[PDB]
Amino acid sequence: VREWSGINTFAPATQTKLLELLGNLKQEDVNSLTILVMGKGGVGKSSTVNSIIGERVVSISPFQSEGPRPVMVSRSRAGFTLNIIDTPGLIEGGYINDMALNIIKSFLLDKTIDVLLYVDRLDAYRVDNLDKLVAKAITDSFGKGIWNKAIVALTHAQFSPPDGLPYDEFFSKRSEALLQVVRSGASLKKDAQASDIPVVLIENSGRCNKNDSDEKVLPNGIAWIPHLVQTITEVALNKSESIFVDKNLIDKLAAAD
């Protein structure tokens, strides 16, 4: 119900793009949208939430571990309401943190997931079963259908690849390596439209470079914030159904042994 005043922190050019995207939503009778942010710990999930809202609404720690309770931030602008749910990492010690996973499930009880934002770091060089277990955990808790509404977001995008490797090439290799394990973890068929998960780049840093319109751009010259909301809008408006979470859904999914 609180005004999305945080938009006033974005460069004017970006604000106009975002307001236009919210317009397209209300145009399609989409008056609100719930985005669920999930992934491992320390990848910049809550920092992404602050960047999107435009204010320090959630806690971020470069040392201490995340809190256990999920948090939903809600703001409104021009009749549209954005709801974003920040959550604690799902992995710890090498296994799926069942306490964090279930507390998230309880929090989503009676809520509708319109967009799944899977977060990880761009500047990472390895991928293993740990990433696969996160994707699997998500599927087991909400159904493979959630992937039709998924977007993978890579943080720390203001990166300079080592060995003078082209930014575009590093991004390509990194994305492919991560989509592979995610697709495997979620048991998604390579041909299914659901495996076709979009990847976006994110730089939450305040030192992020900017274009002549004062917009935060990436090394590839793209204003990541407008692009992010654009992707979110397109995924939300796709023909797939949002995921309504209720006990029935949770039970029917737990039934699968």
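Residue indices: 1-based, along the sequence shown.
Trainee: Per the record, averaged over C-alpha atoms, which has the higher B-factor: 4-12 or 248-256?
Mentor: Higher of the two, by average CA B-factor, is 248-256.
Trainee: Test of understanding: from the entry's C-alpha B-factors, which stretch has the higher mean, 158-166 or 140-148?
Mentor: Result of the comparison: 158-166.
Trainee: Sort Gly41, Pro226, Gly54, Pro68 by C-alpha B-factor from the entry and give me just the highest.
Mentor: Highest C-alpha B-factor among the listed residues goes to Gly54.
Trainee: Report the option among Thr87, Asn102, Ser184, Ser74 whose CA atom has the maximum B-factor in the deposited record.
Mentor: Among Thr87, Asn102, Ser184, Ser74, the PDB entry lists the largest C-alpha B-factor for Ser184.
Trainee: Relative to the other modelled residues in the chain, which third contains the C-alpha temperature factor of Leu33: lowest, middle or highest?
Mentor: As the PDB entry reports it, the C-alpha B-factor of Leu33 lands in the middle third of its chain.
Trainee: Please place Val217 in the lowest, middle or highest third of its chain by C-alpha B factor as given in the entry.
Mentor: Middle third, going by the recorded CA B-factors of the chain.
Trainee: Name the third of the chain's ranked CA B-factors that contains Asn204, choosing lowest, middle or highest.
Mentor: Within its chain, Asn204 is a middle-third residue by C-alpha B-factor, going by the deposited values.
Trainee: With respect to C-alpha B-factor, does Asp123 fall in the lowest, middle or highest third of the chain as deposited?
Mentor: Its C-alpha B-factor, which the entry lists for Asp123, ranks in the lowest third among residues of this chain.
Trainee: Which third of the chain holds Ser46 when residues are ordered by C-alpha B factor: lowest, middle or highest?
Mentor: Its C-alpha B-factor, which the entry lists for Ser46, ranks in the lowest third among residues of this chain.
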